[PDB]
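Following the working numbering, the numbering of the sequence shown begins with 35 at its first residue and continues without gaps. Built from N, CA and C at the ideal position, the CB exists for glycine as well. Report on one structure; see the data block that follows.
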Amino acid sequence: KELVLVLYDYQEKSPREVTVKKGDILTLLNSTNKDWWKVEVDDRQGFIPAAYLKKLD
């Protein structure tokens, strides 16, 4: 499972849409939308703009 790094502080906009903190590492559940990657934080999922995220292989 790929790891991504939350480059920036991001709060939600809709229900079940990740509210990530900075410097966090995540589980790239789905990178099939060029602008909207679906991440996995702790034991919760959601989506986060893909410009707030980075590659961790």
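Rounded separation between residue i and residue j - CA only
i, j, result
"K89", "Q45", "20 Å"
"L63", "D43", "19 Å"
"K35", "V75", "13 Å"
"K55", "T66", "22 Å"
Residue i classed as buried or exposed, judged by whether at least 16 other C-beta atoms fall within 10 angstroms
i, result
"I59", "exposed"
"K47", "exposed"
"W70", "exposed"
Counterpart residues of residue i in DSSP-defined beta bridges
i, result
"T61", "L37"
"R50", "BP columns for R50 are empty, so no partner."
"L90", "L37"
"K72", "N64 and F81"
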